[PDB]
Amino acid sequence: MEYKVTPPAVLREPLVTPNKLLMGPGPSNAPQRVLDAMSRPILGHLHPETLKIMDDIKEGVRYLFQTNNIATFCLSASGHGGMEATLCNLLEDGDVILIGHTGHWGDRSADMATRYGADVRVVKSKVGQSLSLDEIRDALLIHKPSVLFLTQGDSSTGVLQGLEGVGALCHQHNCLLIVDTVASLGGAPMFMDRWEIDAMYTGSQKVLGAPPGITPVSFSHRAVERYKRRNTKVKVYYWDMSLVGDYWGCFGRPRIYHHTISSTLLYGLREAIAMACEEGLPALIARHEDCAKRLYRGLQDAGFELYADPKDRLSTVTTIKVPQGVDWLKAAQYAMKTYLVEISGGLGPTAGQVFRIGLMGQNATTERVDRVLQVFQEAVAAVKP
């Protein structure tokens, strides 16, 4: 009995996980409480204690999103999974969707929507700006879409998209509104119900500081109605809102087996959400906004130029122009090798054009703002001609 592949020598070595200050746009440093929780024993996916944790997570997501939507749950996937599921459930072949493009996330959503068979339309913001209400209105009228997709915090450009009045306008025109809040939730105001948003998701690893890989999502009654009027089943069983909603106790029905939830990620997310709810939205968002203001003053005093329009900045991800002659990758490497602090480059349209400093969760403190200002300045100075 012969085995051509042998046990890997590499696995005989210890697992190495250096403890870094993650000042990029995510993931952010996990609270010790969330790391401790993830050593708890595994539970069965349909055990009452598991369902209890899921139930408590639902209440916490409803708080953070400011929604009473019964269709509120989490997806067993990273943040892209929120984008996937929201598009997969709410689009059928040939449906017209309008993507409000304020950065990379417009490109990614357009990609997924085309993969799902939709007729994709795009309205693009001015450079470093959000879309105005007029620009959104004009595009809605022209395209007559059934779905509008916006990214509240575009982490590629560091742009915060305003949302007041947008859902109301969508609803005047038989259109659903889907909003990505992965980078923005906790760092900017969000009122899902008040702003008439129909589908929304966030990430676990950004402001929350939970492990990556589980993503809160919510659907309005209008979005559930759209699902009910589908003529064919959604393309992916794994994302089907009715079936995961049932697993999460959302609708009339018995809890049945859909898939095995990761109790580990449930534990970390539950603790992260508990911490956020205890701080409370007003304090949480003020903290991120206030840290961002401190970061701007420090950057601008040092002669750096910010990428986003001043009226349009997202507190949690700050895009800063790469100065004349500096090799951004070399600057990042200097910071990592000398201090174990992460400073990031750009994404999508800003690739190679910017640095991105994230101020999220455990890292949105005056101490950590001052630390990243210090090391960023040193790293840039180290590599500059």
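Note that residue numbering follows the sequence shown and begins at 1.
**Student:** Comparing 302-310 with 79-87, which stretch shows the greater average C-alpha B-factor in the deposited entry?
**Tutor:** The recorded data point to 302-310.
**Student:** With respect to the recorded C-alpha B factors, which stretch has the higher mean value, 233-241 or 168-176?
**Tutor:** Per the PDB record, 168-176.
**Student:** In terms of CA temperature factor as recorded, identify the highest of 74, 141, 269, 192.
**Tutor:** Going by the entry's C-alpha B-factors, 141 comes out highest.
**Student:** Could you check 60, 325, 41, 358 and tell me which one carries the biggest Cα B-factor in the deposited entry?
**Tutor:** Result of the comparison over 60, 325, 41, 358: 325.
**Student:** Would you mind checking where the Cα B-factor of residue 228 ranks among the modelled residues of its chain, as the lowest, middle or highest third?
**Tutor:** Middle third.
**Student:** Which third of the chain does residue 116 land in by C-alpha B-factor: lowest, middle or highest?
**Tutor:** It belongs to the middle third of the chain when residues are ordered by C-alpha B-factor.
**Student:** By its CA B factor, does residue 124 count among the lowest, middle or highest third of the modelled residues in the chain?
**Tutor:** Highest third of the chain for residue 124's C-alpha B-factor.
**Student:** Compare the C-alpha B factor of residue 158 with those of the other modelled residues in its chain, then answer lowest, middle or highest third.
**Tutor:** Lowest third.
**Student:** Relative to the other modelled residues in the chain, which third contains the C-alpha temperature factor of residue 133: lowest, middle or highest?
**Tutor:** Top third by C-alpha B-factor.
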